[PDB]
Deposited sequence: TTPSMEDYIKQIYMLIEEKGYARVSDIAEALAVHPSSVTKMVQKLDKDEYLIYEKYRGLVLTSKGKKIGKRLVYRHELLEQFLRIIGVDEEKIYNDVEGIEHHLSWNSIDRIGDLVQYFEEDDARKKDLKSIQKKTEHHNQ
């Protein structure tokens, strides 16, 4: 996992629980608590959080939210265009790490496009016939 994966996961946990425990972060990212500990120190150095209990700072809360928004919007993207639910998670991860923010912005517009008229998704599904 990268720094963004961590901040994202930490924010996800605080969203769901009100706290981000080392053991939960480790468990969620499938890494050892010892690795979480190093990363959490490097994140504290970077002012995303303050570690002693771990606590997101305002920079932490703001960026985490962007990263979750992004992830979920990308998931909605793949769902809307008819990708099989089982592959969606792996595809979104594999590409939030690789696509420019400009490309994300444009994908967001595309999701907006399909939300603006149900006739659009119907027509697209017709193509998925082949």
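Unmodelled regions of the deposited chain sequence (numbering from residue 1, in sequence order): 1-2, 55-57, 136-141.
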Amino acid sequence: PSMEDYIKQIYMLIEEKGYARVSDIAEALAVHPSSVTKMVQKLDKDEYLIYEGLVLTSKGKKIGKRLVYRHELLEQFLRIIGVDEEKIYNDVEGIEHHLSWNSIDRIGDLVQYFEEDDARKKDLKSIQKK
From here on, numbers count along this sequence of modelled residues.
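For the segment pair 117-125 and 104-112, the entry gives 117-125 the higher mean B-factor, averaged over Cα atoms. Judged by mean Cα B factor in the deposited record, 59-67 ranks above the other of 59-67 and 73-81.
In the deposited entry, the Cα temperature factor of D24 places it in the lowest third of its chain's modelled residues.
Sort the modelled residues of the chain by CA B factor and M39 lands in the middle third. The entry lists a Cα temperature factor for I95 that places it in the highest third of the chain's modelled residues.
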